[PDB]
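Novice: Sequence first, structure after, both from an experimental entry:
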Amino acid sequence: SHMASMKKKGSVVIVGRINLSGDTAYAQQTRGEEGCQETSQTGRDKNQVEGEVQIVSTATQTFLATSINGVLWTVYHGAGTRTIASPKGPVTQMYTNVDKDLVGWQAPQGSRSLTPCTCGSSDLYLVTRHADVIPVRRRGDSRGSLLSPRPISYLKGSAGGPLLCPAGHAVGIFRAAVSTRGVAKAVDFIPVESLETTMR
Ligand SMILES: [Zn+2]
């Protein structure tokens, strides 16, 4: 029948991480293609999570997700209303705000959260899905300009990753880049204060 053939969106699946806990930033893959697809449909992810920044996938996109204050956050435009796969099965979103382009799930067992920035610094660092650390000058609440031009393609799939202050604390969640002729000049991000307001 038409109803009995209706498919369900899978879960978001954690497929790697950006390791920032050492002296070197680098990407790690923890699941390959077949395993990602299976885990998406069951919603059951056996892998132990570690770290603050996850690399996540849906069937159509790969992007990032960042743990701050006990919630793993990402962009709505990547995750939609999807559950995330976990050891206990699919986990429903704790927070969803399309107007902020923000979703959040309870942070997975084994993950750690970044500490929100208290130092007020306007010199930020964007962490990409390829573990590139890109200096960004903050221009106000939710914006920053790149210190050096990069092609907009270098930032593809980094939505949901962190903007960190010089100390490595969280200032915000990367959402979108502004470009001209394919060259990224500025970023838009969801500030940590806005996450906290969502939580309150
Ligand atoms: Zn700071």
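Specialist: Yes, it's here. Numbers count the residues shown, from 1 in each chain.

Novice: Up against the ion, what does this protein have?
Specialist: The interface of the chain toward the ion, taken as C-beta under 5 Å from the ion, is made up of 117, 119, 165, 167, 169. C-beta here means a position set from N, CA and C on the backbone, and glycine is covered the same way.

Novice: Out of those residues, which end up buried?
Specialist: Buried subset of those (neighbour count, 16 or more other C-beta atoms under 10 Å): 117, 165, 169.

Novice: and these as a markdown table, adding distance to residue 5 and secondary structure?
Specialist: Below are those laid out as a markdown table (distance: C-beta to C-beta, whole Å; DSSP: H, G, I helix; E, B strand; the rest coil):
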| residue | distance to residue 5 | secondary structure |
| --- | --- | --- |
| 117 | 49 | coil |
| 165 | 50 | coil |
| 169 | 49 | coil |
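
Novice: Not counting sequence-adjacent ones, nearest residue to residue 98?
Specialist: Closest residue in space to residue 98, ignoring its immediate chain neighbours: residue 76 at 5.1 Å, by C-beta to C-beta, 6 or more residues apart in numbering.

Novice: Any chance of the backbone angles for the one you found?
Specialist: phi -60, psi -40 (degrees, to the nearest 10).

Novice: Kindly report the same for the one 4 residues further on.
Specialist: For residue 80, the backbone dihedrals (degrees, to the nearest 10) come out as phi 60, psi -140.

Novice: Count the neighbours of it for me.
Specialist: Other residues lying near residue 80 total 14 when counted by other C-beta atoms under 10 Å.

Novice: I'd guessed residue 75 sits against residue 98; true?
Specialist: No: look at residue 75 against residue 98 with C-beta atoms under 8 Å: they stay out of range, at 10.3 Å.

Novice: just to revisit the earlier point, ok, so of the residues of the chain next to the ion, who is nearest residue 186?
Specialist: residue 165 (18.1 Å; C-beta to C-beta).

Novice: wait, isn't the closest one in contact with residue 114?
Specialist: No: using C-beta under 8 Å, residue 165 is not in contact with residue 114, being 10.2 Å away.

Novice: and residue 90, what is it in contact with?
Specialist: Contacts for residue 90 (C-beta atoms under 8 Å, 6 or more residues apart in numbering) come out as 11, 43, 44, 83, 84.

Novice: Next, format those as CSV and append distance to residue 61.
Specialist: As requested, these are exported to CSV (distance: C-beta to C-beta, whole Å):
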residue, distance to residue 61
11, 13
43, 17
44, 21
83, 16
84, 14
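
Novice: For these, which PyMOL command selects only the ones that are buried?
Specialist: To isolate the buried ones among the contacts of residue 90 in PyMOL, judged by 16+ other C-beta under 10 Å, type:
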select buried, resi 11+43+83+84
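
Novice: quick one: which of the contacts of residue 90 is nearest to the ion?
Specialist: When these are ranked by distance to the ion (C-beta to the ion), residue 84 comes first, at 27.9 Å.

Novice: beta partners for that closest one?
Specialist: residue 12, residue 91 (DSSP bridges).

Novice: Show the contacting residues for it.
Specialist: 11, 12, 13, 14, 56, 72, 90, 91, 93, 105, 108.
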